[PDB]
Every structure is written in C-alpha cells, then in structure tokens.
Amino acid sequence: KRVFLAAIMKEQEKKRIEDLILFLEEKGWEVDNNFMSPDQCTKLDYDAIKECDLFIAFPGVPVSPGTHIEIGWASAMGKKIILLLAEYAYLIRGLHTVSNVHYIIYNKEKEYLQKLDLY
C-alpha cells in the first residue's frame, strides 16, 4: 500500500497536506512523500511514482509544472490516479479515457477527505 502524493497563506497548503498524509497513513497506506539537486529530485519522484500503487494530485491554478509532469508519468505507467479538483485543462478532464483516473470535486478540505474515505 504505497501512495505518491504529488505536492503567509502557504500555511493553509501545508496544513492540508499533513492532514492528508495522516489520513492516508491511518488507513494503512505508506506515503512516498534537505540538500538535493534537480537531477536527484526528478530521479526520486519518478521511482516513487513507478513503485506506488495509488497516485494522488492537486491539479489547479497556479499550474504546477512538476505536478502535471508527474500526472503524465502516472497515467503513462498505468497507475491508479485520483485527481482532487476544486470547483480546467482539456487533458485533465479527458485523462480518464487513457488511464484509471477517479475525479473528486470539492469546495472545502473536509469535503474531499470524506469523499476520499468513501472511495
């Protein structure tokens, strides 16, 4: 059970991630998550995604280049993808026709955590 999670006011983002990792770990999942080069970071993420059984990401604005590449990685490898979208791109909305993708639309954090528990 390995999960790859593709991820001031930025404290809200950090809080939502830590809540998610905790939520996943308490359901028996293993999250594949300080001096590192882009060569090593890219190498680590790819292998982590390659080894994971479930892929979870947060597509949206501002568009993260790294996240979308990782989405492309997971979809091409045929991984199990869960996309948490707040309510986008054409390739995001039609990604399901190419790989196992489950969308979860939310407006608040509490909403997607409950929906994710159901799925």
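Numbers follow the displayed sequence, beginning with 1.
Colleague: Report, from the record, the number of residues in the deposited sequence between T42 and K43 that have no coordinates, as none, 1 to 3, 4 to 9, or 10 or more.
Modeller: Gap between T42 and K43: none.
Colleague: Should the segment between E87 and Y88 be described as having none, 1 to 3, 4 to 9, or 10 or more unmodelled residues of the deposited sequence?
Modeller: Gap between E87 and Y88: 4 to 9 residues without coordinates.
Colleague: Averaging only over Cα atoms, indicate whether 34-42 or 50-58 has the higher B-factor in the PDB entry.
Modeller: Going by the record's values, the stretch with the higher mean is 34-42.
Colleague: Hey, which bit's got the bigger mean C-alpha B factor in the entry, 102-110 or 8-16?
Modeller: According to the PDB entry, the answer is 8-16.
Colleague: Considering only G72, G28, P65, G94, which residue's Cα atom bears the greatest B-factor as recorded?
Modeller: Comparing C-alpha B-factors across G72, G28, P65, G94, the top value belongs to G28.
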